[PDB]
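Reading through the structure tokens given below for one structure.
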Amino acid sequence: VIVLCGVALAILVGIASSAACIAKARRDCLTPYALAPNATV
Amino acid sequence: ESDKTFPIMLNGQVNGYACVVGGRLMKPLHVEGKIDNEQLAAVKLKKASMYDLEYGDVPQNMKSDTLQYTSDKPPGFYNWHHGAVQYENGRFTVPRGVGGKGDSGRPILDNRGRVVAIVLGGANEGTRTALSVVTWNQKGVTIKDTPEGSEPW
Amino acid sequence: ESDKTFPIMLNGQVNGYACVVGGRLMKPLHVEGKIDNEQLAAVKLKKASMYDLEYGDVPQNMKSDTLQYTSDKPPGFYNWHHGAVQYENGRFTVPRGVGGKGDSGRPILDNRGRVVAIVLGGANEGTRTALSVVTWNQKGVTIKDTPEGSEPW
Amino acid sequence: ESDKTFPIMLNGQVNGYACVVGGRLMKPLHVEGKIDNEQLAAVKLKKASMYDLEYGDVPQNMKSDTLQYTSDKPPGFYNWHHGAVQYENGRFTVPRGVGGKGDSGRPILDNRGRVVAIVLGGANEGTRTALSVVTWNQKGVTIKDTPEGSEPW
């Protein structure tokens, strides 16, 4: 049970944390374009 | 002229400002304070913290009232809340000493009455008072220019 | 004049209007928002959803300033917020495509300084714009009139 | 002048007034509602139940214009909301029937421009209409006075 919960925890942390990282990077990479409605990305 | 801009207020007094460009409101993040227009207050700001700014799309009932941005910046005087600033070599340069805290979010304007920059702060290095500002690159992508020590106003 | 009547406000749209008649606030039910005269917002409304209207007793401090309705509805012109409307064939009629959406709760008044009815929204066959409105019977029976397919304003 | 003295509002009515003396904000305690100014509304008011008042500390920006009080008050005419008050026999008085409810918190001031007292109510029998009032003895001590049966305005 310990190792199974370890797997579940590690997978959830990996997915949710990497997704949060990617979302943050995407958000702030688009931000200079989001502030530029008069420009084409 | 500036009627399109709006103040940001804290403790019942203005402590910053905000502006609408291309239908997107922006206010400095460092300026803790509420917005005068209740319909602007209803918008959900997106925290563009990488530019010390937060923004949100304002509804179409003010579609025509947004400021229009322009990326062209020939070297010369650009209009400002206290007058105008000399743009040079990419720097927005204030005639040294004017301005100060409580003025972030003020647009900077072309003589054509179109917005070109937003005030973030400012200081002097040894020859001119530089303003930290957010602006759009020649390619239109927005960028933050902030000569060191141009602390947020 | 109509300044004794006030706009309901939402999103920044004067999305309708409301009238103080017989000491009761009246506003369209299908229209939601802040009634601009904030004192009117203290009133708790009662609804008549078949008539698409709601009402509540206006506070006494200004209830004597209320407008008063009429039993009179002879055919002819009546002063309106867009100049006048022609009451004809027992119906409120307006030129094809004038005024319109945004006038929900706008009053129509007796030249003697009385209110003959309250508009809800219009329709138009082509010859004239037909108005859907709440009116009054000669014995005081409030009755909604609504040409077929009348849109909300 | 006393122009900047601040109205108190409740249900749209001017239910009272407030003043800032030597930088210390003061308003009646019995007066319900809120101060119409947000800079003052931010003050954490402290109850002075024996004095029927509540006082706080204002943002120091108004230190240059807070109303100057003076305790010394020889008998004579003093400036007031309804033009002037007559001070005699140790009590503040006015002509019969002038003013009333909602005048609570109106200050009294020396025609040289120094505040001296605040109105709380009044009474009618036997003489000029006296005002229930808080006063400042030459010791510099705040003292509340209440003509017999004075209603709280």
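Simple scheme: letters A, B, ... for chains in structure tokens order, numbers from 1 for residues in each chain, numbers from 1 for ligands in the order shown.
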Mind listing the helix (DSSP H, G or I) residues of chain D, per DSSP on the backbone, as a PyMOL selection string? chain D and resi 38-41+49-51+60-64
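A least-squares superposition of chain D on chain B, with Cα atoms paired in sequence order, returns an RMSD value of 0.9 Å.
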Which polymer residues have any atom within 6 Å of an atom of residue 68 in chain D, counting only C-alpha atoms, with same-chain residues fewer than 6 positions away left out, as a compact mmCIF listing (two decimals) with N, CA, C and O atoms, in the first residue's frame?
```txt
# COMPACT_ATOMS: atom_id res chain seq x y z
N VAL D 21 -11.14 67.96 13.85
CA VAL D 21 -10.57 69.01 14.69
C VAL D 21 -9.16 68.59 15.10
O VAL D 21 -8.95 67.48 15.60
N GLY D 22 -8.19 69.46 14.81
CA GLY D 22 -6.80 69.19 15.09
C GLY D 22 -6.33 67.85 14.56
O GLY D 22 -5.44 67.21 15.14
N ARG D 114 -12.36 79.70 13.84
CA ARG D 114 -11.96 78.64 14.75
C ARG D 114 -13.20 77.94 15.29
O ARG D 114 -14.09 78.60 15.83
```
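You can rank D:53, D:8, D:67, D:85 by their closest distance to residue 40 in chain D using only C-alpha atoms, and at the top of that list sits D:8.
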Using only C-alpha atoms, find which residues of chain D lie within 8 Å of chain B and jot them down as an MDAnalysis selection string. chainID D and resid 37:39 42
Using only C-alpha atoms, I'd like every residue of chain A that has an atom within 10 Å of chain B; please write them out as a PyMOL selection string. chain A and resi 27-41
Can you write just those residues out, N, CA and C atoms, as a PDB file, in the first residue's frame?
```
ATOM      1  N   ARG A  27       1.130  30.987 -20.121  1.00  0.00           N
ATOM      2  CA  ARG A  27       0.494  32.233 -19.716  1.00  0.00           C
ATOM      3  C   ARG A  27       1.431  33.416 -19.886  1.00  0.00           C
ATOM      4  N   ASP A  28       2.645  33.321 -19.354  1.00  0.00           N
ATOM      5  CA  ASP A  28       3.532  34.473 -19.449  1.00  0.00           C
ATOM      6  C   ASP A  28       4.258  34.574 -20.786  1.00  0.00           C
ATOM      7  N   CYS A  29       4.266  33.515 -21.595  1.00  0.00           N
ATOM      8  CA  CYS A  29       4.807  33.606 -22.944  1.00  0.00           C
ATOM      9  C   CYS A  29       3.812  34.263 -23.884  1.00  0.00           C
ATOM     10  N   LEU A  30       2.523  34.035 -23.650  1.00  0.00           N
ATOM     11  CA  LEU A  30       1.473  34.699 -24.405  1.00  0.00           C
ATOM     12  C   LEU A  30       1.216  36.105 -23.892  1.00  0.00           C
ATOM     13  N   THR A  31       1.472  36.347 -22.609  1.00  0.00           N
ATOM     14  CA  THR A  31       1.256  37.668 -22.032  1.00  0.00           C
ATOM     15  C   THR A  31       1.831  38.808 -22.859  1.00  0.00           C
ATOM     16  N   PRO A  32       3.050  38.740 -23.403  1.00  0.00           N
ATOM     17  CA  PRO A  32       3.505  39.854 -24.237  1.00  0.00           C
ATOM     18  C   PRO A  32       2.706  39.969 -25.513  1.00  0.00           C
ATOM     19  N   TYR A  33       2.011  38.908 -25.907  1.00  0.00           N
ATOM     20  CA  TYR A  33       1.095  38.970 -27.031  1.00  0.00           C
ATOM     21  C   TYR A  33      -0.306  39.328 -26.572  1.00  0.00           C
ATOM     22  N   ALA A  34      -0.687  38.889 -25.370  1.00  0.00           N
ATOM     23  CA  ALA A  34      -1.993  39.252 -24.839  1.00  0.00           C
ATOM     24  C   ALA A  34      -2.089  40.750 -24.628  1.00  0.00           C
ATOM     25  N   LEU A  35      -0.988  41.382 -24.244  1.00  0.00           N
ATOM     26  CA  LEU A  35      -0.946  42.829 -24.124  1.00  0.00           C
ATOM     27  C   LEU A  35      -0.775  43.521 -25.466  1.00  0.00           C
ATOM     28  N   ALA A  36      -0.622  42.770 -26.555  1.00  0.00           N
ATOM     29  CA  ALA A  36      -0.444  43.328 -27.895  1.00  0.00           C
ATOM     30  C   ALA A  36      -1.583  42.937 -28.834  1.00  0.00           C
ATOM     31  N   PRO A  37      -2.821  43.338 -28.529  1.00  0.00           N
ATOM     32  CA  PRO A  37      -3.943  42.973 -29.407  1.00  0.00           C
ATOM     33  C   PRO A  37      -3.791  43.487 -30.826  1.00  0.00           C
ATOM     34  N   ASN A  38      -2.937  44.483 -31.053  1.00  0.00           N
ATOM     35  CA  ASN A  38      -2.700  45.024 -32.382  1.00  0.00           C
ATOM     36  C   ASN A  38      -1.523  44.365 -33.093  1.00  0.00           C
ATOM     37  N   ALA A  39      -1.086  43.194 -32.636  1.00  0.00           N
ATOM     38  CA  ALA A  39       0.032  42.491 -33.246  1.00  0.00           C
ATOM     39  C   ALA A  39      -0.340  41.033 -33.470  1.00  0.00           C
ATOM     40  N   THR A  40       0.376  40.386 -34.388  1.00  0.00           N
ATOM     41  CA  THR A  40       0.143  38.987 -34.720  1.00  0.00           C
ATOM     42  C   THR A  40       1.244  38.129 -34.114  1.00  0.00           C
ATOM     43  N   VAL A  41       0.842  37.087 -33.402  1.00  0.00           N
ATOM     44  CA  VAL A  41       1.797  36.181 -32.757  1.00  0.00           C
ATOM     45  C   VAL A  41       2.487  35.328 -33.817  1.00  0.00           C
TER      46      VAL A  41
END
```
What residues in range 1-122 of chain C get the DSSP label strand (DSSP E)? Please answer as a PyMOL selection string. chain C and resi 5-10+13-21+24-28+34-35+46-48+53-57+76-80+83-88+91-94+107-110+114-122
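Here CA of residue 9 in chain D stands at a distance of 5.8 Å from CA of residue 34 in chain D.
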In Å and to one decimal, CA of residue 87 in chain C is distant from CA of residue 126 in chain C by 16.5 Å
Please identify all polymer residues within 9 Å of range 101-108 of chain D, counting only C-alpha atoms, omitting same-chain residues fewer than 4 positions from it, and present them as a PDB file with C-alpha atoms, in the first residue's frame.
```
ATOM      1  CA  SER D   2     -16.478  75.180   6.878  1.00  0.00           C
ATOM      2  CA  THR D   5     -17.148  69.836   6.769  1.00  0.00           C
ATOM      3  CA  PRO D   7     -22.077  65.308   5.621  1.00  0.00           C
ATOM      4  CA  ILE D   8     -23.231  61.998   7.082  1.00  0.00           C
ATOM      5  CA  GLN D  13     -30.899  61.423   3.561  1.00  0.00           C
ATOM      6  CA  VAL D  14     -28.374  63.800   5.068  1.00  0.00           C
ATOM      7  CA  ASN D  15     -28.791  62.289   8.524  1.00  0.00           C
ATOM      8  CA  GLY D  16     -25.860  64.139  10.070  1.00  0.00           C
ATOM      9  CA  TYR D  17     -22.479  65.785   9.715  1.00  0.00           C
ATOM     10  CA  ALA D  18     -18.920  65.224  10.872  1.00  0.00           C
ATOM     11  CA  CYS D  19     -15.837  67.330  11.482  1.00  0.00           C
ATOM     12  CA  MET D  26     -15.264  63.567  15.440  1.00  0.00           C
ATOM     13  CA  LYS D  27     -18.905  62.818  14.717  1.00  0.00           C
ATOM     14  CA  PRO D  28     -21.964  62.083  16.864  1.00  0.00           C
ATOM     15  CA  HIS D  30     -26.145  58.618  18.027  1.00  0.00           C
ATOM     16  CA  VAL D  31     -26.063  59.612  14.346  1.00  0.00           C
ATOM     17  CA  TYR D  78     -20.802  82.612  16.642  1.00  0.00           C
ATOM     18  CA  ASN D  79     -20.868  81.340  13.072  1.00  0.00           C
ATOM     19  CA  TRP D  80     -23.125  78.382  12.379  1.00  0.00           C
ATOM     20  CA  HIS D  81     -24.837  76.362   9.656  1.00  0.00           C
ATOM     21  CA  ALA D  84     -25.209  82.133  13.371  1.00  0.00           C
ATOM     22  CA  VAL D  85     -25.908  81.152  16.975  1.00  0.00           C
ATOM     23  CA  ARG D 114     -11.962  78.642  14.753  1.00  0.00           C
ATOM     24  CA  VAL D 115     -14.410  75.880  15.657  1.00  0.00           C
ATOM     25  CA  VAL D 116     -15.675  75.805  19.225  1.00  0.00           C
ATOM     26  CA  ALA D 117     -18.621  73.440  19.592  1.00  0.00           C
ATOM     27  CA  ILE D 118     -20.930  70.869  17.992  1.00  0.00           C
ATOM     28  CA  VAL D 119     -24.750  70.790  18.008  1.00  0.00           C
ATOM     29  CA  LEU D 120     -26.682  67.771  19.315  1.00  0.00           C
ATOM     30  CA  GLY D 121     -30.275  69.049  19.652  1.00  0.00           C
ATOM     31  CA  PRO D 152     -31.150  64.417  19.937  1.00  0.00           C
ATOM     32  CA  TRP D 153     -31.218  65.764  16.403  1.00  0.00           C
TER      33      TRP D 153
END
```
